[PDB]
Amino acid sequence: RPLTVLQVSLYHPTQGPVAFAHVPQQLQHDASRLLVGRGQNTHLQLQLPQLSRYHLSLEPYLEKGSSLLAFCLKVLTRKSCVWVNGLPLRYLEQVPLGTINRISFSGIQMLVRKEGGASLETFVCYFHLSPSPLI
């Protein structure tokens, strides 16, 4: 596997077509943080008025002794909490991602499945729009 892959599934119970209208099929990202929110300057733009312009970020990094990228999810919104694997995170709090991640925020359900790959400079996300609940 040349790149770490994040398989991302998204769900919203009532606003899918508008909320996900700008979600691409995939994004290949570098070693900078990946921004998620309703703003135009985000990498994953989700068009929900309850989101902040910058709502959360995914940061790739390396632990000492590791040959595989880790990912740190940090909350950027002041408005609400982001549940990550059972922990309700609030502004500027953060946790690392595991292999399967259940993330909910402002009605959006998001699953992130991480498959490790070799690159330490690049990763790719694939986005699936689920008609049915994920969590």
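Note that residue numbering follows the sequence shown and begins at 1.
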Checklist entry - Given the B-factors recorded for C-alpha atoms, which segment has the greater mean, 52-60 or 39-47? => result 39-47
Checklist entry - Split the chain's modelled residues into thirds by Cα B-factor; is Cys81 in the lowest, middle or highest one? => result highest
Item to check | Third assignment of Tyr11 from its chain's C-alpha B-factors | outcome: middle
Item to check | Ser132 CA temperature factor, ranked by third within the chain | outcome: highest
Next on the checklist: Sorting by Cα B-factor within the chain, modelled residues only, which third would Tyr126 end up in: lowest, middle or highest?
Outcome noted: lowest
Checklist entry - What third of the chain, by the recorded C-alpha B-factor, contains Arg113? => result lowest
